[PDB]
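Below is one structure, written out as structure tokens, with a few remarks after it.
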Amino acid sequence: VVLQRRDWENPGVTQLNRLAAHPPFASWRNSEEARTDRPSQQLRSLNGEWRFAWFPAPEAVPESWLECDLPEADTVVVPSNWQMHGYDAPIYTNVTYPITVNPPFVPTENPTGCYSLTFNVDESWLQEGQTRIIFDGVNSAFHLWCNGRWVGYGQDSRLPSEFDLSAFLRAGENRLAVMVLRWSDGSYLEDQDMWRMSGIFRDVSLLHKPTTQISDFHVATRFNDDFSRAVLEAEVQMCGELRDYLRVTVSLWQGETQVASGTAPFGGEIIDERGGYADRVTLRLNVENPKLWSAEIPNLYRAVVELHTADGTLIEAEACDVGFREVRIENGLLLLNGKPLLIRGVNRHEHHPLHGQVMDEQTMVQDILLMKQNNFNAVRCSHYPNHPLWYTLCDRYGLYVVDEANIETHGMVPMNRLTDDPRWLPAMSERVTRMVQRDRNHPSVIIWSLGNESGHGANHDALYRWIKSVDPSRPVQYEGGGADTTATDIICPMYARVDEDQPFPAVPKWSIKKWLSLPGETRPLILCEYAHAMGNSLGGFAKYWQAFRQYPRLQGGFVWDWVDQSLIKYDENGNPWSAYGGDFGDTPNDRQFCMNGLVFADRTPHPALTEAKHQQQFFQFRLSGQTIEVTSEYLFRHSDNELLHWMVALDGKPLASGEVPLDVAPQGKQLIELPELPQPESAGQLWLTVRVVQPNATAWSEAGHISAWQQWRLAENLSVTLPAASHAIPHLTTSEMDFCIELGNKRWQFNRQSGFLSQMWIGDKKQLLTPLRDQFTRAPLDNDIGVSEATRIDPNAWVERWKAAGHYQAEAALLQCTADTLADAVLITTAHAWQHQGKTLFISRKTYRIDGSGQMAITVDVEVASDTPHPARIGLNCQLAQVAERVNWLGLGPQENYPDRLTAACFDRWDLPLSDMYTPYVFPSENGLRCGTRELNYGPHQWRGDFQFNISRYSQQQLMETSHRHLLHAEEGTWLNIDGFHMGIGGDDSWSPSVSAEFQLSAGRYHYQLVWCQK
Amino acid sequence: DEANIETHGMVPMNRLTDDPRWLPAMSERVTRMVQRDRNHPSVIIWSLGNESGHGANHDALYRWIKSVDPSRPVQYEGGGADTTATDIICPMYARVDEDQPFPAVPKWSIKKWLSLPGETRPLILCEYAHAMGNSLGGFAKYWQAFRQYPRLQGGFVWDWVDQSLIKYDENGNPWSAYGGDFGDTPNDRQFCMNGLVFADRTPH
Amino acid sequence: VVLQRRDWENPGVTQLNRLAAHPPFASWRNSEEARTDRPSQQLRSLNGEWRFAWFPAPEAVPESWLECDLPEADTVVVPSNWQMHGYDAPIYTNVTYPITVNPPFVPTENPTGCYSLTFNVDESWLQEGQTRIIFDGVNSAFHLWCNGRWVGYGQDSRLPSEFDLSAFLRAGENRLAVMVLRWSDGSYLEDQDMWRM
Ligand SMILES: [Cl-]
Ligand SMILES: [K+]
Ligand SMILES: [K+]
Ligand SMILES: [K+]
Ligand SMILES: [K+]
Ligand SMILES: [K+]
Ligand SMILES: [K+]
Ligand SMILES: [Mg+2]
Ligand SMILES: [Mg+2]
Ligand SMILES: [Mg+2]
Ligand SMILES: [Mg+2]
Ligand SMILES: [Mg+2]
Ligand SMILES: [Mg+2]
């Protein structure tokens, strides 16, 4: 195929023959079909089966393919990414570009995808008007031929490219040929942290427009002071045959009712010495008491834009959903319809584990329902314009959207090398301008972003001002170059912590509370990414929410991120498993850093999602005596689909419950006085739990959906009653190697060489597979590892600290092991030191008291050397011989919870299948802990105390050593870890230590006590 | 120093300079000028071009210069001489006392312009005192105003030298030619001669 | 390729292979010569007598001209405007464009000036280093070849266009061929009230 210009190594050429960008069109020829948003016969889909062949470089593509199908081509579904069909490998790299950095050049081995399609065009399309093709997404650059003749070229993988095929087509059969380059100079602007894939991965369509046509239209809504009056202003532009008989009518609908309409001839106001736009008209519609759009109530109208002759011939109609809202920053606050937003946001990449970067309605709807069900109200398009249906769905279901240009140059050194270079201004400008031209009529878009992780360059300042000039209705933000540059209206840092400064040179991440008040600073602050949800994470999430609610100008943030970018691979038996970076032979790669989601790739929640739901609740509660005070954090809606359920229980035993309807105005308060409550005689803690339930189904939730909950301790009655004095006394038998204790059907054996309980018998069945021993380590979480790797150690990461200090290799030295026979008990006393290369890391001193009731009371007192890194946990471990079906505990749950991630968990009696006590993180680590537990039951065993625990078929060793969840194998029996104390998990980011001081185990001396009995 | 961007014959004048598809070509006319000339001390003000209306590409490039070179004001007269793309009110042929209240792009009396509600910028006419043929009537009225009003900081006469070209008659004797004299059509006749000096630098 | 791409009807292509703009350089290799602003031997003028032929459109330019002087060409002084040499007429229009307003297209009859020059360079420039050619003003757009091989393209009639000739240069005689178009999409941005040359 002929291509001497190498237009994919020239950032001056970002397209050839491509049509202007514009808002979504369908060229309806009937205005009622436009009003109803039904299908248009003038907008056809070319999605389906295409022909595809892969080549290693464009020089390998035979010229014959322009004219004739290649016999060796395959039939494949489009849209698709060709990596997902196995033609070459997807690459997971974060910052480092997947190609040598040598702009504007790309590798001579440049995988080329040759797609083609033979398709029908009806004669009627070619007798009049214009037939164009639209490719919504081609990654990363392509040439297009039609019936063998060259049509044009496009770059920018994330916006539509449209070409006029009117002169190329013939009636009946026609053949497209599209040569898609994996790498192009556009790849320098597409360095987002995601799989690197390629292909025609969004829809392909054919659109017929009349020769005289609507070529653009912009809808604005402006308001009076109290939002009770609006003016809708619609600017409409035409192309084609301009004549005095032409008119535009813009009509505005609420369902089937026309609320406003206006008609005018073309010819705009004079704007300069040469006149005005004879090819434009602005219609202004007064609207009284408009239903306003928000994420809380996504009220929409329909605007139909009719291009017609004055005497009544509709030429064509276009249309959009309109949401009446004003976005403005005033006095340092981002306001929506005059009220300060609190962004419960998440970053969402477009990712599917089977289809790659191809999006479908079902997946998009599943994501929106789950986001709203988990109290999200906002989404950031990290880091590129999305599939066009996403914005429709956010308009209609109600999410606030940050729409972001496809510009990311993270791997440059320094990061602004291209964005400060005027020679890259043309390519950057295309990415910003064509986004705003496409998406500017969607009410869900409330903020424009200039891209991501591209430093701060003068090209950003130029484009910031372009957007401010062309669209004054939306703020512009951009985080690069320190998050508070002259190119952003919103201070929008990524992974700035709540209280802790990180004073990096040039681009510090201040504490968010401190950033707001730096000398001269007045802007609102909304984190563009925070709470990095990689593996077992969201430690500290509640600290952000408390700050957002206290400080007006901290208006929230977008969690990083929604869904793990794991991909499905198949093992030898054909069984699927979740793969991450490096699993396709891609190298260099960034391993499991692609998985940072609140949800798994198949949209199953990680435990962190419930922590996000709870902290993002829209009702806040306080309890004073009898009175629950409920505060609404809705800005616009009354609580018109909300009941409060309350229950009081004594150590999990239900005592009383009731419901009360919630009737609270936006930002309002309601006092609910509880009935006179049970004052039970029995020992234990009374706990009050309240839940807000939506009785009625909505567009986004089922009837009975729980949107908020909270718990309080009520009265506590400490037990003072003495145990019934049993008359059995346990007996001790001694040998040099063991202390053996027997009581009735029960036996305990303590090894005198090791100083541990090595076996227990019930009836006469052995209960232990491995002895009960102290444990001070955990299988490291992604946040404990950060960026450290065997070939590039980061000595600052927690895991490396622990390793270097010898925590994982420390051996118990026995100091003391004694046995005493008491009045009614046998007492075993032990002391051990853990040492590593001459340094004593930990000392554990214990007593075990076995009484005539058969209970074993274990007291543990641990010293931890102040100069050793603080340990992951302070607990006991053993491998139980029993595998039992259920696990029943009185403590926080039901889901996994850790000390800095336990706000969403509630104290009650929980009972789950053993498998639900393991969280299948794709990269295995410590998991499944539940905290605050006072009683745990498993098979015949009960342990009581005040501890954290996990319980599963996998040892901490196996979790630590195994790279992927599908490679885990159930061990014999059940591994129980019972911790007096467990370190926080962290997650403010996943590349530097992030566990806050108050969740580190720094106390030096620790005490805990357990009773183990047979229930 | 003024970028090589003039789109005067478009209707309206900003048709290209408001069009994002023309931002790349316009951008190189501004950015490559600043990269060439930014070290000359004589350059004290950058201009974005001439008679190209006021479009969003102007505001983008105004901001680009303000970012890369804060040492020099940026001016541009298009779109009414006091737009968001200019640090200096810089009209052409605004009169001293007489308003010319054209729709959208009025040329106020320069004395009155300075004090319009909210206005604070200095005013320097980018063109005034059109010296076509027997002209410069009224020149003293400008200078008296410039001396009296601190913020009237002067202007640039239009213009230095007549754009006449030499032709030769039957005898080979030279004569000064203007528009239309080369068979060029349409042409604007003697409007190319607006100088304070004739083409050979003799003074008018 | 050059005729086929019609780069002078595309405001997306304002240059090909053009070097970055920068402040005036002379590559002085002695600091006292630079202090005193005296001539640099690494900066040579190519002003003076060139070969020139005029064509009514770029379609009319024969391919032989890339390789060989056209016998019908004249010897003319450069810099110059070819209207001042009498090859076609200068046009005086104020506001109305001198071409039909149909952006980004220009007339098919587009006067084309074919300039060429034979030159040689110092031996040491064939040995090492970067030799560029600088056109301080070409109105309105042009393609450049050296020794028959295409180098690049430029627009903007009023700033320098620079191209790297290092890989094009040969021992002995070398030849520049510069095809200058009167009209280009750059003309849409050059509607100043002045003679159009
Ligand atoms: Cl229809
Ligand atoms: K706040
Ligand atoms: K990542
Ligand atoms: K809790
Ligand atoms: K692991
Ligand atoms: K003055
Ligand atoms: K004139
Ligand atoms: Mg390119
Ligand atoms: Mg009607
Ligand atoms: Mg990045
Ligand atoms: Mg709580
Ligand atoms: Mg061009
Ligand atoms: Mg003019």
Side-chain angles (χ1 to χ4, degrees), chain A residues 272-274 329 331-336 339-345 377-378 490-491 498 512-513 515-516 523-527 541-557 610-611 613-623 628 633 635 667 687-691 708-713 892-893 897 899-908 931-932, chain B residues 2 4-11 13-14 17 47 49-53 76-78 92-93 126-127 130 158-159 163 188 191-192 194, chain C residues 92-98 188-196:
Chain A
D272 54 50
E273 297 83 347
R274 294 284 287 166
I329 288 172
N331 211 29
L333 291 170
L334 173 70
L335 310 178
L336 194 117
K339 294 298 194 339
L341 287 175
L342 176 49
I343 300 298
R344 297 162 161 82
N377 66 5
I490 299 174
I491 304 162
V498 174
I512 63 186
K513 293 170 179 183
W515 206 323
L516 288 175
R523 286 172 287 189
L525 191 159
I526 298 166
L527 292 120
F541 197 64
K543 191 179 289 181
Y544 277 102
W545 284 86
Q546 183 285 328
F548 297 160
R549 289 181 171 100
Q550 180 172 17
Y551 283 64
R553 281 169 56 220
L554 289 183
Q555 292 186 259
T610 194
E611 193 79 351
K613 180 170 182 184
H614 180 59
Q615 288 295 325
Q616 291 172 184
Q617 281 171 178
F618 289 89
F619 292 97
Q620 303 294 303
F621 302 95
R622 290 215 272 76
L623 179 69
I628 296 159
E633 287 183 327
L635 305 178
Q667 300 201 94
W687 279 87
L688 166 62
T689 305
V690 302
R691 280 171 184 86
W709 60 93
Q710 184 55 266
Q711 293 196 302
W712 297 259
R713 288 178 177 85
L892 303 173
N897 59 86
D900 53 350
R901 197 193 80 228
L902 54 61
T903 67
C906 288
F907 185 92
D908 212 314
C931 291
Chain B
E2 183 157 277
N4 178 28
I5 304 162
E6 171 159 354
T7 69
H8 199 157
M10 302 298 304
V11 179
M13 214 189 301
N14 78 349
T17 62
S47 167
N50 188 60
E51 288 178 327
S52 307
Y76 176 60
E77 175 282 340
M92 53 175 72
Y93 317 107
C126 67
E127 305 175 17
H130 197 259
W158 187 275
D159 68 350
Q163 292 190 53
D188 286 297
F191 273 92
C192 62
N194 311 147
Chain C
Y92 174 60
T93 180
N94 170 12
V95 178
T96 307
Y97 280 95
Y188 286 98
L189 304 182
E190 295 180 357
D191 194 38
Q192 289 89 349
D193 181 12
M194 64 184 195
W195 292 96
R196 308 317 173 96

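Just so you know, ligand 1 is whichever comes first in the structure, and atom 1 is the first atom listed for that ligand. As a basis for the values below, the full set of heavy atoms in this structure was taken, side chains included, without hydrogen atoms, waters or symmetry mates. Numbers restart at 1 for each chain; the letters A, B, ... are given by sequence-line order, proteins then strands.
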Can you give me the closest heavy-atom contact between C:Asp191 and C:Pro98, atom names plus distance? OD1-CD, 4.1 Å
Hey, what's the ring geometry for A:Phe907 with A:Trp687, parallel, tilted or perpendicular (30° and 60° as the breaks)? parallel
Check: C:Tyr92/C:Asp193 side-chain N/O donor and acceptor closer than 3.5 Å: yes
Looking at B:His8, the N/O/S atom that lies nearest to the Mg ion (ligand 13) is called ND1
Listing by chain and number, what protein N/O/S atoms are under 3.4 Å from the K ion (ligand 2)? A:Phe548 O, A:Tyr551 O, A:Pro552 O, A:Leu554 O
For C:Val95 and B:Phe191, what are the C-alpha separation, side-chain angles and deciding distance, and is it a side chain to side chain contact (heavy atoms under 4.5 Å, CB included)? CA-CA 11 Å; C:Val95 178; B:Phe191 273 92; over 6 Å; no
B:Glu6 near the Mg ion (ligand 13): N/O/S under 2.8 Å: yes
What lies under 2.8 Å from the Mg ion (ligand 11), restricted to protein N/O/S atoms, is A:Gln710 OE1
Looking only at non-hydrogen atoms, find the nearest pair between A:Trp709 and A:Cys906 and report the distance. CD1-SG, 3.6 Å
Can you classify the ring geometry of A:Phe541 versus A:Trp545 as parallel (below 30°), tilted (30 to 60°) or perpendicular (above 60°)? tilted
In this structure, CD1 of A:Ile512 is separated from CG of A:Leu554 (nearest 0.5 Å) by 4.5 Å
Does the side chain to side chain contact (heavy atoms under 4.5 Å, CB included) test come out yes or no for C:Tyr97 and B:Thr7, once each step is laid out? CA-CA 9 Å; C:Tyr97 280 95; B:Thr7 69; 3.6 Å; yes
Check: A:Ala904 main-chain N/O paired with A:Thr610 side-chain donor or acceptor under 3.5 Å: no
Report yes if some heavy atom in the side chain of B:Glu51 is under 4.5 Å from a heavy atom in the side chain of B:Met92; otherwise report no. yes
Would you kindly say whether A:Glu611 and A:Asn897 are connected by a side-chain donor-acceptor distance under 3.5 Å? no
Does B:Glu51 bring an N, O or S atom to within less than 2.8 Å of the Mg ion (ligand 13)? yes
